[PDB]
file entry_39.cif (mmCIF, C-alpha atoms and all ligand atoms)
data_final
#
loop_
_atom_site.label_atom_id
_atom_site.label_comp_id
_atom_site.auth_asym_id
_atom_site.auth_seq_id
_atom_site.Cartn_x
_atom_site.Cartn_y
_atom_site.Cartn_z
CA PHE T 1 0.00 0.00 0.00
CA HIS T 2 2.78 2.45 0.90
CA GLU T 3 4.51 2.33 -2.48
CA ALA T 4 1.24 2.32 -4.44
CA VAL T 5 0.07 5.47 -2.65
CA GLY T 6 3.48 7.04 -3.27
CA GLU T 7 3.44 6.05 -6.93
CA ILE T 8 -0.04 7.22 -7.95
CA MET T 9 0.90 10.82 -7.12
CA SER T 10 3.86 10.64 -9.51
CA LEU T 11 1.68 8.92 -12.11
CA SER T 12 -0.79 11.81 -12.00
CA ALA T 13 1.84 14.56 -11.82
CA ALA T 14 3.71 13.36 -14.92
CA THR T 15 0.61 13.88 -17.07
CA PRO T 16 0.96 16.70 -19.63
CA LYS T 17 -2.30 18.19 -18.34
CA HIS T 18 -0.81 18.96 -14.92
CA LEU T 19 2.42 20.08 -16.60
CA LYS T 20 0.63 22.59 -18.83
CA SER T 21 -1.42 23.74 -15.83
CA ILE T 22 1.68 24.25 -13.67
CA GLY T 23 3.52 26.43 -16.21
CA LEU T 24 6.40 24.09 -17.06
CA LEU T 25 4.67 22.96 -20.27
CA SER T 26 3.57 25.75 -22.58
CA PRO T 27 -0.21 25.91 -23.13
CA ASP T 28 0.41 25.95 -26.90
CA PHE T 29 1.48 22.30 -26.82
CA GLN T 30 -0.99 19.70 -28.10
CA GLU T 31 -0.13 16.08 -27.31
CA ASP T 32 -0.12 13.95 -30.46
CA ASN T 33 -1.15 10.30 -30.33
CA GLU T 34 2.42 9.34 -31.28
CA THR T 35 3.78 10.96 -28.12
CA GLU T 36 1.10 9.23 -26.06
CA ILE T 37 2.13 5.89 -27.57
CA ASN T 38 5.79 6.63 -26.81
CA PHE T 39 5.02 7.54 -23.20
CA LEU T 40 2.82 4.47 -22.74
CA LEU T 41 5.50 2.15 -24.11
CA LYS T 42 8.16 3.76 -21.91
CA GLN T 43 5.89 3.17 -18.91
CA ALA T 44 5.16 -0.40 -20.02
CA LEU T 45 8.84 -1.32 -20.35
CA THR T 46 9.05 -0.80 -16.58
CA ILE T 47 5.58 -1.70 -15.29
CA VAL T 48 4.74 -4.65 -17.55
CA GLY T 49 8.39 -5.67 -17.81
CA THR T 50 8.86 -6.34 -14.11
CA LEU T 51 5.60 -8.26 -13.57
CA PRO T 52 6.40 -11.61 -15.23
CA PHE T 53 9.91 -11.55 -13.77
CA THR T 54 8.59 -10.85 -10.27
CA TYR T 55 5.91 -13.53 -10.53
CA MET T 56 8.35 -16.14 -11.86
CA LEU T 57 10.96 -15.33 -9.21
CA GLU T 58 8.42 -15.55 -6.39
CA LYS T 59 6.95 -18.78 -7.75
CA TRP T 60 10.41 -20.34 -7.93
CA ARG T 61 11.23 -19.21 -4.39
CA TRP T 62 7.92 -20.56 -3.07
CA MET T 63 8.44 -23.90 -4.81
CA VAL T 64 11.98 -24.15 -3.42
CA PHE T 65 10.89 -23.32 0.13
CA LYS T 66 8.01 -25.81 -0.17
CA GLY T 67 10.38 -28.57 -1.28
CA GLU T 68 8.68 -29.21 -4.63
CA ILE T 69 12.04 -28.64 -6.37
CA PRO T 70 14.86 -31.06 -5.47
CA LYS T 71 18.19 -29.53 -4.47
CA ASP T 72 19.84 -31.12 -7.52
CA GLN T 73 17.26 -29.68 -9.94
CA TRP T 74 17.19 -25.99 -8.97
CA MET T 75 18.77 -24.32 -12.00
CA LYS T 76 17.12 -26.74 -14.43
CA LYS T 77 13.70 -25.80 -13.06
CA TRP T 78 14.60 -22.10 -12.87
CA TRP T 79 15.60 -21.85 -16.52
CA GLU T 80 12.62 -24.04 -17.41
CA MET T 81 10.26 -21.59 -15.70
CA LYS T 82 11.95 -18.56 -17.27
CA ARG T 83 11.42 -20.05 -20.75
CA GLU T 84 7.63 -20.29 -20.36
CA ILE T 85 6.68 -17.40 -18.04
CA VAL T 86 9.08 -14.53 -18.71
CA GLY T 87 9.99 -15.81 -22.17
CA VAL T 88 13.74 -15.39 -21.57
CA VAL T 89 16.37 -17.99 -22.45
CA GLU T 90 19.86 -18.36 -20.99
CA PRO T 91 22.60 -17.63 -23.55
CA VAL T 92 24.87 -20.36 -22.14
CA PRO T 93 23.91 -23.56 -20.26
CA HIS T 94 24.03 -23.52 -16.47
CA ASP T 95 24.35 -26.57 -14.22
CA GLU T 96 23.50 -26.89 -10.53
CA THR T 97 26.78 -25.20 -9.57
CA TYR T 98 25.24 -21.82 -10.47
CA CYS T 99 22.77 -19.97 -8.26
CA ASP T 100 21.54 -17.34 -10.73
CA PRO T 101 18.51 -16.18 -8.66
CA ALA T 102 20.85 -15.53 -5.73
CA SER T 103 22.71 -13.00 -7.90
CA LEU T 104 19.75 -10.65 -7.44
CA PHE T 105 19.95 -8.28 -4.49
CA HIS T 106 16.52 -9.11 -3.06
CA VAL T 107 17.27 -12.85 -3.06
CA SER T 108 20.68 -12.90 -1.36
CA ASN T 109 19.56 -10.32 1.23
CA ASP T 110 16.41 -12.21 2.33
CA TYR T 111 13.66 -9.87 1.12
CA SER T 112 10.15 -10.83 0.11
CA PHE T 113 9.67 -10.13 -3.59
CA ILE T 114 5.91 -10.59 -4.07
CA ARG T 115 5.50 -7.07 -2.67
CA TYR T 116 6.72 -5.63 -5.98
CA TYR T 117 3.95 -7.54 -7.78
CA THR T 118 0.83 -6.51 -5.86
CA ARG T 119 2.11 -2.94 -5.61
CA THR T 120 2.11 -2.82 -9.41
CA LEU T 121 -1.61 -3.64 -9.42
CA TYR T 122 -2.87 -1.70 -6.38
CA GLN T 123 -1.75 1.67 -7.73
CA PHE T 124 -3.78 1.19 -10.90
CA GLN T 125 -6.73 -0.04 -8.85
CA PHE T 126 -6.29 3.17 -6.88
CA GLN T 127 -5.71 5.34 -9.95
CA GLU T 128 -8.67 4.03 -11.94
CA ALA T 129 -10.73 4.52 -8.78
CA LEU T 130 -9.47 8.04 -8.09
CA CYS T 131 -10.24 9.11 -11.66
CA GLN T 132 -13.87 8.07 -11.13
CA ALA T 133 -14.28 10.48 -8.22
CA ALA T 134 -12.41 13.08 -10.28
CA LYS T 135 -14.92 12.55 -13.13
CA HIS T 136 -12.36 11.78 -15.83
CA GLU T 137 -13.76 11.33 -19.33
CA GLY T 138 -10.74 10.57 -21.53
CA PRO T 139 -8.16 7.80 -21.38
CA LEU T 140 -6.86 6.74 -17.99
CA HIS T 141 -3.25 7.69 -18.75
CA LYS T 142 -4.31 11.33 -19.24
CA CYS T 143 -6.30 11.44 -15.99
CA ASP T 144 -5.40 13.95 -13.28
CA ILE T 145 -6.84 13.63 -9.77
CA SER T 146 -5.83 17.17 -8.87
CA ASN T 147 -8.33 19.81 -7.69
CA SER T 148 -10.91 17.07 -6.91
CA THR T 149 -11.72 16.98 -3.19
CA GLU T 150 -13.97 13.91 -3.43
CA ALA T 151 -11.11 11.72 -4.65
CA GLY T 152 -8.89 13.06 -1.88
CA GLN T 153 -11.52 12.26 0.74
CA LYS T 154 -12.00 8.75 -0.66
CA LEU T 155 -8.24 8.19 -0.54
CA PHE T 156 -7.95 9.63 2.98
CA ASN T 157 -10.71 7.33 4.24
CA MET T 158 -8.29 4.47 3.59
CA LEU T 159 -5.10 6.38 4.44
CA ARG T 160 -6.28 7.17 7.98
CA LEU T 161 -7.25 3.51 8.43
CA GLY T 162 -3.68 2.28 8.74
CA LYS T 163 -3.29 -1.34 9.82
CA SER T 164 -6.30 -1.22 12.16
CA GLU T 165 -8.46 -3.07 9.61
CA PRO T 166 -7.79 -5.81 7.03
CA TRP T 167 -6.27 -4.65 3.76
CA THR T 168 -9.29 -6.06 1.92
CA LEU T 169 -11.56 -3.68 3.84
CA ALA T 170 -9.16 -0.85 3.01
CA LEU T 171 -9.41 -1.78 -0.68
CA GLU T 172 -13.21 -1.85 -0.54
CA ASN T 173 -13.15 1.73 0.79
CA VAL T 174 -11.42 2.96 -2.39
CA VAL T 175 -11.79 0.47 -5.25
CA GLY T 176 -15.05 -1.03 -3.95
CA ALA T 177 -13.66 -4.57 -4.12
CA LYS T 178 -12.31 -7.02 -1.55
CA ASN T 179 -9.75 -8.78 -3.79
CA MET T 180 -6.98 -7.38 -5.96
CA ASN T 181 -8.06 -7.01 -9.59
CA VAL T 182 -5.88 -6.58 -12.68
CA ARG T 183 -8.50 -4.96 -14.94
CA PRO T 184 -7.35 -1.38 -14.13
CA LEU T 185 -3.88 -2.20 -15.49
CA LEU T 186 -5.31 -3.50 -18.77
CA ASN T 187 -7.58 -0.45 -19.00
CA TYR T 188 -4.54 1.77 -18.48
CA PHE T 189 -2.51 0.02 -21.19
CA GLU T 190 -5.37 -0.55 -23.66
CA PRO T 191 -4.29 2.32 -25.98
CA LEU T 192 -0.84 0.73 -26.12
CA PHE T 193 -2.31 -2.77 -26.38
CA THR T 194 -4.30 -1.95 -29.51
CA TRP T 195 -1.28 -0.31 -31.16
CA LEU T 196 0.94 -3.29 -30.29
CA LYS T 197 -1.63 -5.68 -31.74
CA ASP T 198 -1.74 -3.55 -34.90
CA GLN T 199 2.08 -3.55 -35.14
CA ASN T 200 2.37 -7.36 -34.93
CA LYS T 201 0.23 -8.34 -37.93
CA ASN T 202 3.07 -10.11 -39.75
CA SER T 203 5.34 -10.99 -36.82
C1 LIG T 301 -6.48 23.33 -10.68
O1 LIG T 301 -6.84 24.62 -10.15
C2 LIG T 301 -5.87 25.65 -10.37
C3 LIG T 301 -6.40 26.91 -9.72
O2 LIG T 301 -7.27 27.62 -10.59
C4 LIG T 301 -5.60 25.82 -11.87
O3 LIG T 301 -4.55 26.77 -12.06
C5 LIG T 301 -5.22 24.49 -12.50
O4 LIG T 301 -5.10 24.63 -13.91
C6 LIG T 301 -6.27 23.43 -12.19
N1 LIG T 301 -5.93 22.15 -12.79
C7 LIG T 301 -4.81 21.47 -12.54
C8 LIG T 301 -4.65 20.17 -13.28
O5 LIG T 301 -3.96 21.86 -11.75
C1 LIG T 302 -2.66 9.29 -34.96
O1 LIG T 302 -3.91 9.58 -35.60
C2 LIG T 302 -3.82 9.77 -37.02
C3 LIG T 302 -5.21 10.10 -37.51
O2 LIG T 302 -6.06 8.96 -37.46
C4 LIG T 302 -3.24 8.52 -37.69
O3 LIG T 302 -3.06 8.77 -39.08
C5 LIG T 302 -1.92 8.13 -37.05
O4 LIG T 302 -1.46 6.89 -37.58
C6 LIG T 302 -2.09 8.00 -35.54
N1 LIG T 302 -0.83 7.65 -34.90
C7 LIG T 302 -0.75 6.84 -33.84
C8 LIG T 302 0.62 6.59 -33.30
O5 LIG T 302 -1.75 6.34 -33.34
ZN ZN T 303 8.95 4.42 -2.05
#
call {"tool": "encode", "arguments": {"input": "entry_39.cif", "output": "structure tokens"}}
result
Amino acid sequence: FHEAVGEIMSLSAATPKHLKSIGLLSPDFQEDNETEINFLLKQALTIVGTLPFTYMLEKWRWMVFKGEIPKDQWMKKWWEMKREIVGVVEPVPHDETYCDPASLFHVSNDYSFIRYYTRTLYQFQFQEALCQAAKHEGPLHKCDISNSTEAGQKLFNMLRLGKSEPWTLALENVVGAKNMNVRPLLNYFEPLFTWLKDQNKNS
């Protein structure tokens, strides 16, 4: 929750609407659909890039800790999972002597990694929610929650809650749902999704 709340503010502030309203961006600057596509793809290379990697890493760690993977089949299973979840193949073969996942900082320093997954969703579930109280009409990526007191009050109703109540109840106070949902992310990236589908006709 902490990082999602921190991140939605930056997501809204980076919009060209707030930039042209703050004076940094000249008012005589109309955003072309090409620039919107470029910005969406730059965002996706981070947001949608990290999701399969995070999910695969956490699944491998859970399967190791649960004993489903034998100690002599770790790297085999790891590079098997990476070839069908992340879609990434190792350039050179690795035996059980390697510990490639341990080369990551969060693995060798004993940090839970699933946090970076849910945080990627929650923010969008927040953002898509906060644009409803802000009465946004256009695409989600152009939404700005500024100047709208209703969205701020809806957010604060959960912010003041803290840990006193279950996180599901906190979600229902903003997104109106008890379980995490991925539909806001797809709604956010739909303009990029259509363009990507159109660009891959022959590939
Ligand atoms: C919010 O209100 C201020 C005050 O009039 C205005 O300057 C600004 O353009 C409005 N919109 C945004 C996105 O800041
Ligand atoms: C932007 O819209 C124009 C008008 O339909 C179109 O010709 C152009 O291909 C579009 N570009 C992108 C990146 O969507
Ligand atoms: Zn932070």
call {"tool": "closest_residue", "arguments": {"input": "entry_39.cif", "among": "T:194, T:202, T:187, T:43", "to": "ligand LIG 302 (chain T)", "atoms": "all atoms listed in the file"}}
result
T:194
call {"tool": "closest_atom_pairs", "arguments": {"input": "entry_39.cif", "of": "chain T", "to": "ligand LIG 302 (chain T)", "cutoff": "9 Å", "atoms": "all atoms listed in the file", "output": "JSON lines"}}
result
{"residue": "T:32", "atom": "CA", "partner": "T:LIG302", "partner_atom": "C1", "distance": 7.0}
{"residue": "T:33", "atom": "CA", "partner": "T:LIG302", "partner_atom": "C7", "distance": 4.9}
{"residue": "T:34", "atom": "CA", "partner": "T:LIG302", "partner_atom": "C8", "distance": 3.9}
{"residue": "T:35", "atom": "CA", "partner": "T:LIG302", "partner_atom": "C8", "distance": 7.5}
{"residue": "T:36", "atom": "CA", "partner": "T:LIG302", "partner_atom": "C8", "distance": 7.7}
{"residue": "T:37", "atom": "CA", "partner": "T:LIG302", "partner_atom": "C8", "distance": 6.0}
{"residue": "T:38", "atom": "CA", "partner": "T:LIG302", "partner_atom": "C8", "distance": 8.3}
{"residue": "T:191", "atom": "CA", "partner": "T:LIG302", "partner_atom": "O5", "distance": 8.8}
{"residue": "T:195", "atom": "CA", "partner": "T:LIG302", "partner_atom": "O5", "distance": 7.0}
call {"tool": "closest_atom_pairs", "arguments": {"input": "entry_39.cif", "of": "chain T", "to": "ligand LIG 301 (chain T)", "cutoff": "10 Å", "atoms": "only C-alpha atoms and all ligand atoms", "output": "CSV"}}
result
residue,atom,partner,partner_atom,distance
T:12,CA,T:LIG301,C8,9.3
T:13,CA,T:LIG301,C8,8.7
T:15,CA,T:LIG301,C8,9.0
T:16,CA,T:LIG301,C8,9.2
T:17,CA,T:LIG301,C8,5.9
T:18,CA,T:LIG301,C8,4.3
T:19,CA,T:LIG301,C8,7.8
T:20,CA,T:LIG301,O4,7.8
T:21,CA,T:LIG301,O4,4.2
T:22,CA,T:LIG301,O5,6.4
T:23,CA,T:LIG301,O3,9.1
T:143,CA,T:LIG301,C8,9.3
T:144,CA,T:LIG301,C8,6.3
T:145,CA,T:LIG301,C8,7.7
T:146,CA,T:LIG301,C8,5.5
T:147,CA,T:LIG301,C1,5.0
T:148,CA,T:LIG301,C1,8.5
call {"tool": "residues_near_ligand", "arguments": {"input": "entry_39.cif", "ligand": "ligand ZN 303 (chain T)", "cutoff": "10 Å", "atoms": "all atoms listed in the file", "output": "VMD selection string"}}
result
chain T and resid 2 to 7
call {"tool": "write_last_selection", "arguments": {"input": "entry_39.cif", "atoms": "C-alpha atoms", "output": "PDB file, in the frame of the given file"}}
result
ATOM      1  CA  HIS T   2       2.780   2.450   0.900  1.00  0.00           C
ATOM      2  CA  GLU T   3       4.510   2.330  -2.480  1.00  0.00           C
ATOM      3  CA  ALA T   4       1.240   2.320  -4.440  1.00  0.00           C
ATOM      4  CA  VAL T   5       0.070   5.470  -2.650  1.00  0.00           C
ATOM      5  CA  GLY T   6       3.480   7.040  -3.270  1.00  0.00           C
ATOM      6  CA  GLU T   7       3.440   6.050  -6.930  1.00  0.00           C
TER       7      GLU T   7
END
call {"tool": "closest_residue", "arguments": {"input": "entry_39.cif", "among": "T:115, T:154, T:66, T:59", "to": "residue 174 of chain T", "atoms": "all atoms listed in the file"}}
result
T:154
call {"tool": "atom_distance", "arguments": {"input": "entry_39.cif", "atom1": "atom CA of residue 189 of chain T", "atom2": "atom CA of residue 39 of chain T"}}
result
10.8 Å
call {"tool": "atom_distance", "arguments": {"input": "entry_39.cif", "atom1": "atom CA of residue 50 of chain T", "atom2": "atom CA of residue 121 of chain T"}}
result
11.8 Å
call {"tool": "atom_distance", "arguments": {"input": "entry_39.cif", "atom1": "atom CA of residue 129 of chain T", "atom2": "atom CA of residue 176 of chain T"}}
result
8.5 Å
call {"tool": "axis_aligned_box", "arguments": {"input": "entry_39.cif", "around": "segment 189-193 of chain T", "padding_each_side": "4 Å", "output": "AutoDock Vina command-line options"}}
result
--center_x -3.1 --center_y -0.2 --center_z -23.8 --size_x 12.5 --size_y 13.1 --size_z 13.2
call {"tool": "closest_residue", "arguments": {"input": "entry_39.cif", "among": "T:199, T:1, T:47, T:120", "to": "residue 168 of chain T", "atoms": "all atoms listed in the file"}}
result
T:1
call {"tool": "closest_residue", "arguments": {"input": "entry_39.cif", "among": "T:157, T:149, T:30, T:108", "to": "residue 131 of chain T", "atoms": "only C-alpha atoms"}}
result
T:149
call {"tool": "closest_residue", "arguments": {"input": "entry_39.cif", "among": "T:126, T:70, T:139, T:52", "to": "residue 84 of chain T", "atoms": "all atoms listed in the file"}}
result
T:52
call {"tool": "decode", "arguments": {"input": "entry_39.cif", "residues": "segment 81-114 of chain T", "atoms": "C-alpha atoms", "output": "CSV table (one decimal), in the first residue's frame"}}
result
chain,number,residue,atom,x,y,z
T,81,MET,CA,10.3,-21.6,-15.7
T,82,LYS,CA,12.0,-18.6,-17.3
T,83,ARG,CA,11.4,-20.0,-20.7
T,84,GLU,CA,7.6,-20.3,-20.4
T,85,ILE,CA,6.7,-17.4,-18.0
T,86,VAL,CA,9.1,-14.5,-18.7
T,87,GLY,CA,10.0,-15.8,-22.2
T,88,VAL,CA,13.7,-15.4,-21.6
T,89,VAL,CA,16.4,-18.0,-22.4
T,90,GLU,CA,19.9,-18.4,-21.0
T,91,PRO,CA,22.6,-17.6,-23.6
T,92,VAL,CA,24.9,-20.4,-22.1
T,93,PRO,CA,23.9,-23.6,-20.3
T,94,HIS,CA,24.0,-23.5,-16.5
T,95,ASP,CA,24.4,-26.6,-14.2
T,96,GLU,CA,23.5,-26.9,-10.5
T,97,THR,CA,26.8,-25.2,-9.6
T,98,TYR,CA,25.2,-21.8,-10.5
T,99,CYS,CA,22.8,-20.0,-8.3
T,100,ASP,CA,21.5,-17.3,-10.7
T,101,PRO,CA,18.5,-16.2,-8.7
T,102,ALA,CA,20.9,-15.5,-5.7
T,103,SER,CA,22.7,-13.0,-7.9
T,104,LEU,CA,19.8,-10.6,-7.4
T,105,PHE,CA,19.9,-8.3,-4.5
T,106,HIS,CA,16.5,-9.1,-3.1
T,107,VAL,CA,17.3,-12.9,-3.1
T,108,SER,CA,20.7,-12.9,-1.4
T,109,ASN,CA,19.6,-10.3,1.2
T,110,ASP,CA,16.4,-12.2,2.3
T,111,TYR,CA,13.7,-9.9,1.1
T,112,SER,CA,10.1,-10.8,0.1
T,113,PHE,CA,9.7,-10.1,-3.6
T,114,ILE,CA,5.9,-10.6,-4.1
